[PDB]
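Comments concern the structure below.
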Amino acid sequence: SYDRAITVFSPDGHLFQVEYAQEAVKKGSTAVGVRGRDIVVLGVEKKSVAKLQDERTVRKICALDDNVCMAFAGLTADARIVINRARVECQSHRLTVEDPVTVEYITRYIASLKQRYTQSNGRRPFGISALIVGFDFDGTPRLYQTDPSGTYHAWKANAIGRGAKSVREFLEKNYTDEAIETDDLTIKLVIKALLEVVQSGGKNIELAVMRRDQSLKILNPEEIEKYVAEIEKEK
Amino acid sequence: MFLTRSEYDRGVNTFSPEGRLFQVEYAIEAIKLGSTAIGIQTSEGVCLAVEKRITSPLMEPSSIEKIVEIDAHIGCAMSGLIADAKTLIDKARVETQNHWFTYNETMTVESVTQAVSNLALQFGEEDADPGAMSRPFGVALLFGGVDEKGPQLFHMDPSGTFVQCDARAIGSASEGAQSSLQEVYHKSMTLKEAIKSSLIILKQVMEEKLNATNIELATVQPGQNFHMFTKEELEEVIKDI
Amino acid sequence: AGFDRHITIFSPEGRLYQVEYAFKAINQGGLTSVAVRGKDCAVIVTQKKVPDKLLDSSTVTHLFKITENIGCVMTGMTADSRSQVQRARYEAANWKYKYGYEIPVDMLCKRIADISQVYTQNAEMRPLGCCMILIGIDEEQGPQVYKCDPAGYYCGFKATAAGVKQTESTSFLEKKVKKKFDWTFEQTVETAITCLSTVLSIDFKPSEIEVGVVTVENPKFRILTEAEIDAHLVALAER
Amino acid sequence: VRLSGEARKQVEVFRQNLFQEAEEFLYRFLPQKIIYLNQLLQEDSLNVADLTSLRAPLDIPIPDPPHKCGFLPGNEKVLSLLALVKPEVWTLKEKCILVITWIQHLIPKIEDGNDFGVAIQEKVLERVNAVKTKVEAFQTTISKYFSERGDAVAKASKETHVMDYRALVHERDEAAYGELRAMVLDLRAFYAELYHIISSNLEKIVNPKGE
Amino acid sequence: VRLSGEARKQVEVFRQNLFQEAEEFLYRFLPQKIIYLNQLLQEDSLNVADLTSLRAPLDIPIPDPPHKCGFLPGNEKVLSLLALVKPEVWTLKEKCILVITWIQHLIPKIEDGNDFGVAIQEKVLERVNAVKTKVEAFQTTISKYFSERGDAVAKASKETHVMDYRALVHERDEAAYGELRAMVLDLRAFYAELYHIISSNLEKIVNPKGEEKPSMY
Amino acid sequence: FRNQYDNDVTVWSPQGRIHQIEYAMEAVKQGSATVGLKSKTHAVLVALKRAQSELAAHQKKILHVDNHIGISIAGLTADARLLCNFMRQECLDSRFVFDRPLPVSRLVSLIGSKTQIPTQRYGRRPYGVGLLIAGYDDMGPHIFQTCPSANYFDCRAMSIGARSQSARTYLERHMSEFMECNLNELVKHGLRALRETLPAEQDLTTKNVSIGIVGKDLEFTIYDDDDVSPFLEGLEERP
Amino acid sequence: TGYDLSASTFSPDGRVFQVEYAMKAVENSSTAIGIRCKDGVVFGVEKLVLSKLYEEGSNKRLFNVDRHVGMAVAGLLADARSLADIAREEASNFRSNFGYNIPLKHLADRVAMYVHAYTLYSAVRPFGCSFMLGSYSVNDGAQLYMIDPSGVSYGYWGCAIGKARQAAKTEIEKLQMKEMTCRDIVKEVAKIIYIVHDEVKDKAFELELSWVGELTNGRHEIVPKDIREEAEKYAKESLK
Amino acid sequence: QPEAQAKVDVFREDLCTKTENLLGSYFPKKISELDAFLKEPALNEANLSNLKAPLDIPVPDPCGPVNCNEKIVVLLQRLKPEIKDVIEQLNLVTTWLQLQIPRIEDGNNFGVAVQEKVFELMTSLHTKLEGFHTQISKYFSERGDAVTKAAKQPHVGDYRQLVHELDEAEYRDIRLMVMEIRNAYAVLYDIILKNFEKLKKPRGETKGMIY
Amino acid sequence: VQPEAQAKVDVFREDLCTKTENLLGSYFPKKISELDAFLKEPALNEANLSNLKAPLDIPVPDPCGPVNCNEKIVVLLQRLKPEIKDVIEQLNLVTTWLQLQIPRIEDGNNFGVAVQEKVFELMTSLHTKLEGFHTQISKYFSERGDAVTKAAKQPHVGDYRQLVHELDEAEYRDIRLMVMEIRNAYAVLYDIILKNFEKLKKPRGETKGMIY
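Protein chains in written order, with PDB author numbering: chain C, 2 to 236; chain D, 1 to 241; chain G, 7 to 245; chain f, 7 to 72, 89 to 233; chain d, 7 to 72, 89 to 239; chain E, 2 to 240; chain F, 5 to 244; chain e, 7 to 67, 100 to 249; chain c, 6 to 67, 100 to 249.
Right, here's the structure in full:
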């Protein structure tokens, strides 16, 4: 009745197509983000190799710029478009104001794009939610989340995608100032959280870190194996 | 005996029988989904308050911005869709600065509210511009600022209609919160009394117990600019209650 | 069904029923027009029916002059007919402007018909519910007769009819061409009038019909007066 | 399907006879029936003013307060009215069948569009079927009169103490007279409605898909 | 049509009588009936708690393991409650008939536009017709009670050996009392529902097409 | 059923009525009432304002277009604001170009054209607002009404909005005296007329009344809550 | 049946029913008639007075589309005013380009084509107005034209539009307009309008008349009130 | 052959004259007459103990003639001509409306829809009135059966009560039936009068000069 | 006229509102408790129906004495009948309450009306089922009497003996399911009304207005 067009409000004022896009996000692979004191760690599950596929082509985590990166859960093609648009906006902002982009600026831009696609019929919402991580000029860690609706919110730590409810409950339990004390502890926290919802530990998680003034580093599979081994042993 | 045909509610630009234009009415129903916000106008100033409705502890409380600054003289409190709220806030800010640029003066609260209202009116699509949302803006705003006429509180709705109001409540518990406003309010009350009464009403309507985290509070007084009560000031007042 | 009610959509048998309905719109008018070619002349006849006495008989006409040496008769909606007539006049004048010589009858028919095609392919507009029959003299080919229809078919003809009695009239004309001996101008006009009168059963008077002719001697299209029409009619009755 | 010459001849003669009979019914028999039903309505027997007049004599002994039943005949008046009306009823049913099959034969090959003609044909045959079911209901009531009157008369004779059965028998006769008069009226109305519908929509019925 | 003055006067008399009677019904009769019906419900006759008390002695001579029956009376309690309720059923039927005639006289000349008031009118007509059908079902049940208890008592007396026919007689009486209390409270509900729908929708029902508007023509 | 023919303005009904335009004309009835009446030397607009709540201020029902023209609205405030902007820009354009006040009749003609364009095209809805336009020009005092249908009228007096028939009948029975009235007498007559529309419990107040006056010597002025007290005090009571 | 919903559609039997539905619009209108005689053309309209409140000389259905031509309308007044604006624009453009007053036949053809544009497209409805146009020029003579909502245009010696078209047409038919002169034709137009007016259904009417002819030196103008009063008194007398 | 159309047109003109006479004179007269009858004291009885009729069956410690309820049969005897009349008039107006239905077309189907609305009301009325016809016979048969049951089983008193209850139910139903017949005449007159223009001339000529 | 008449109907409406509120608060929960308790009792739930079999004292072929009804079934039916009457009465009460809460017809914003329509459909279905139970009791008595009479008239036919036994067993399991259904009807009615109470109470909602 009222779920076929984005423009039409429902009785009780629910816009339902954007809700359906938010539901589409839930289908996607899990992603998790956590703010350490000097690190921001972004972890994403890997669906499966399929044994005849090249892993390099598929990468959920991406770097918008030197100081900002994102991970997504939702439609992969839409994510690719949004990533490219945010990258060109990053370089354009540097061009315009001779300064590097702030994490809140880029998440605002991505949210504005998603909002622009929601408002008008003849265009469908981007079926993605994103986890944007970066370090600002002051050096404070920043974690933001975006959704198809176009609202953005800072999170100390969060998850998106399938099993987001379970892993975020686990993270609400586990997260504390103590865990954020160590960079290795932050990485281990996100690894344990993804382990809460994933078939196998090392094979099916792709993880990355950003340090205070370093570029994004996708942790090697051997490093992830070492960290899960340390996590597994402690239990 | 039930007649539920409606068959005219769908699609703006359709006058239903009795000429009611139900899409706009549904948009006005939409703000009741939003968090309750409350405004009281007094001689000493105008105060604005809202319940943040934090979903989870991990979410940063500061990020929720349901009270914002259009300019030093005017602030806004919003309930309804955060996104189209951001759009209207941007329109308000740019119009205030355009007025400063052109006339070297500060807009009145009524003029700013009219400026955003004109944008809200554009859902009708009388203009040929592509970049205007076909749906009405699913948000209600409370514009509070000190102008040449003193403290003023204006209400704005999805229709784009706007009115001055001595005290108003928007959002989910606007029904009942407005009755509490009507009984408590008297024109002579100072801003301290207004702050206390508004926080009482917000405590009544809010499901969760009131705490410094889950409310946002602000005031603009004639001498001061738009000010947000900090964690400590919020702690002091919510303790005083 | 729903396969009708939009021109664009094809039926499961691929027929585009809407244009076929536009063909019925021609017969809805209740008038008939006949065109027959001759060795040195081409003629167009059509019924002239005045519903009210108050109507000025001069104004009502289905015979129009696209250019000095081309004439047409329109059958169908009066308004669509007038619009297509205006478009034809514009096309003829624009042809003269661009190419320096009078438009051929075949090319005029082709232009109007392909316009009708753009109508029957684009969604929002509807095919004009009218049929055109053009008569003119071409120096190379002699007399010519052509017909546009709402679909975009523009074939030339020795003789034709359009309207409600089209099948009866073409049956009549088919017999006459089959017993082909010739057609001079008088016999051409007589054949046209006899076809129309026989199929309708009208036994016309001069007011009831309007005739237009082209001849190699006088190439300009002319609409004959009531006196000339009565002269032809009396000759028919006498023999 | 391979068509034999004799088979083609048989189908052709059936179609020819059906169409001829349809024209004959519509233009010759139907107005004749309308005038016949008019005069039958004008007859005095069918416009009896006082229904108590046709109250039949039911001779069954009143029981003495605290012997045998003779032959009880049926009401000659309603029996005569039945003798008049029943042929007309069955005749209309037959002609309805003729019109139905005539229309069905005029229905063309199924095609995607230009279906307004077949829609008109379907509407007309729907009305004709409605007329037929009403006529069959008249036949059912005509059959019911005899059985109901027999049940009532038998019940009154078996139980002479109860007078309401005798009153019921008289009521059955009165209701039968009213129903039979209504049958004649609505038979005329059905004939006229069939003529009106078919004559008004004849062009589309005979030629639904345009030319 | 050519109308005589006597014809116009007769039609006007019927119209004014219908309209004033509808006003009187809705504004005087219906609230009076509501108070009367709730007083009936509050009365103890309709408020019996133990329905085995309602059982009436069925004097049939039980057969001896191996005389003509007396006059067997009906259950006086049930019969009295029937005496109370049946005129209420018939009156509600009558007032529903009046209401349908009132609304049917109020519907305007048929027109393509301004159809929402006519929709409200016909919807209200449909609902009151449903109430009419329900009360017709009630009176059907009232007749069914007498016929069923009579044949049950006759079968019990004829087959004295089977006790369950006697149990059926008592069961029919008990079910009758329950159904009749349900009937009277339903009657109160129907009256209140009629008032609610008509009062809430009265402006459209009375004046469907609405006030005259400035001509577009 | 006939739910069809009501969906859009571009669909005619089988009896020649565009139902969406009528549904728009219903919109004026929703709004609070307004009354306008004129004398030989003055034109008056008076309104009944409504408030969402006790704390809220009453809405603005009278708007000034120019010194010589002002309006009062019944129906959608959005459409009212848009049309008022259009009218203000038209008057400003006239003053800039010709250095004369725009004729009020010409202004309502422009309003009629602008309002008519939505009704015929698919897309934008009809302007579901009814305006009373009152102004003084060289010809004299004038009052016009505009419907959501683009048709407009010239009136001795008029009332639009909810329960306005009572005001109209009061105005009609008292109309003869209006022409020679003083401005005080005229505003008092209009105030009584709108008092007819109010509920019996409600009464005129300083708050809910707004008065708009324009004349030969008086530019359009809206007398607000405090300023209506001189005009209101004269009125006696409810009958 | 979804064929009648839009004007782009055709009925299966070859009928565009939206246009006919729009033709039914004008029949809602009060009648208007125009009669052509030797000297010129006279127009008349039965303007029903809906309310006493409405000013006289308002809701005018007689428009001047150029100095030498006048227009009388029946159907939707909004569409009619818009069509009058279109006709005025066409006349002004003709004067600006071709340097002289537009011929009435050409003006009727252009406005008729503008009207006919709307019957084709689905986005936009047909006009809801039928209007008459009349002019007098010493070269062309007296000319009266009527345009239906379809865009059909024809020249009428006498014409009627609106609710009472048929009765008005028979009354006009028994007139012999060709010989007559305008100052009599105004009286007979008043007679016909008073005849066709229905007192029971329509409460009251104010006769609105205009003419164009040699007596105006070829300018359409509203009748002088003395002549209006004379014609109205004659019409009331003849009505009996 | 146009003779058939001539005959059917004569019949239609006769029906038009009849229905105009009906709406003008007969329906108002019957409305007034039925209003007077329901206002009569006869079917307005305050106490139904007067309506109660004797049962001659002896109580146990062959029955005499058990006469029908004189009051109810009297009221029914005057009722049933009214029901017959209203049914006949309803049938007449129904056939008149049926003969006014125009040729089927895919547009201008207003007035036709008006006719359908009037038709559904007339159909409802016809069903109700023939229900009244059935109900009278049901009363007679049911009272006779109840009396027979009581006589066969005098010990049962519920059959006595059943007979009396059938009697009072019939009296009240007669009152409601008279109200129904009056209201039927009235609403039929109102609907036909209000919509007579469209009912007589549903479509009209909309062709004009489009084509 | 008659604002007093509106007042009287409003008094009836307020009485229905407070009654249904108290009913939902207390009566429906305790009735659910009572009915599940009745289900748990051994009388309603029996291992073998051979225990349920009641003596039929007809003599077999090589006039009968009083053949009594199945006392177990009769006692359980006497327990059941008040529950049927109670649930039907409460269902009628809440149905009337919802009917009174129906708003004025409006062309749009009828979603609140739609909620009331769905809840009303559920209530109507429950009413039909409960009336069916009340009829089924009388059906049981009539059928058992008919079978006993047939057995007595034709003692040679044993299938009538098996018929009386089968009718008794069928009625026992039927009343078991009936008590289950009364409990479930109370529960589901409570759940529907409690979940949808806001819309049922206030279908249209506050007329925010201010568009005009």
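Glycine residues also receive a C-beta, built at the ideal position from the N, C-alpha and C atoms.
The residues 33, 34, 35, 62, 162, 195, 198, 199, 209, 210, in chain order, have a CB closer than 8 Å to that of residue 49/E in the same chain once the five nearest residues on each side in sequence are set aside. For residue 147/e, the residues of chain E that pass the 9 Å Cβ criterion are 15, in the order they occur in the chain.
For residue 48/G, the enclosing beta strand (DSSP E) stretches over residues 47-53.
Sixteen is the threshold: when 16 or more other Cβ atoms of the shown chains lie within 10 Å of the Cβ of residue 126/C, as they do, the residue is buried. For residue 182/c, there are no neighbours in chain E by C-beta distance under 8 Å, as the nearest C-beta there is about 54 Å away. In chain order, 202, 205, 206 place their CB closer than 7 Å to the CB of residue 107/f, counting only its own chain and leaving out the 5 sequence neighbours on each side.
Judged by DSSP in its simplified three-state form, residue 150/e adopts helix. Taking 8 Å as the upper bound for CB-CB distance, residue 168/E and residue 39/E are not in contact here, some 15 Å apart. In the DSSP assignment, residue 205/d falls within the unbroken alpha helix (DSSP H) covering 186-222. Residue contact with chain F for residue 65/G: present (Cβ-Cβ distance below 7 Å to some residue of chain F).
Three or more beta-carbon pairs drawn from the stretch 115-135 of chain d and the stretch 5-19 of chain E are found closer than 8 Å, and the two stretches are therefore classed as touching. One Cα belongs to residue 115/c, the other to residue 57/d, and the distance between them is close to 10 Å. Per DSSP, the unbroken beta strand (DSSP E) holding residue 146/E starts and ends at 142-147.
Residue ranges of uninterrupted alpha helix (DSSP H) with 4 or more members, entirely inside the stretch 12-53 of chain E and ordered along the chain, are 20-31. When Cβ pairs closer than 8 Å are counted between the two stretches, the stretch 132-152 of chain e is seen to touch the stretch 234-243 of chain e, the count reaching three or more. When 7 Å is used as the limit between beta carbons, residue 18/D is near these residues of chain d: 138, in chain order. Look at residue 153/F: its C-beta is not under 7 Å from any C-beta on chain f. Straight across, the Cα-Cα distance linking residue 70/D with residue 76/D is about 7 Å.
With respect to the 7 Å criterion, residue 50/D and residue 74/D are not classified as neighbours on the basis of their beta carbons. Taken through DSSP and simplified to helix, strand or coil, residue 139/C comes out as coil. Distance from the CA of residue 237/F to the CA of residue 55/F, rounded to the nearest whole angstrom, comes to 23 Å. Taking CB atoms only, residue 136/c has a neighbour in chain d less than 7 Å away.
In this structure, 109/f is the residue among 146/f, 55/f, 165/f, 109/f with its C-alpha nearest to the C-alpha of residue 39/f.
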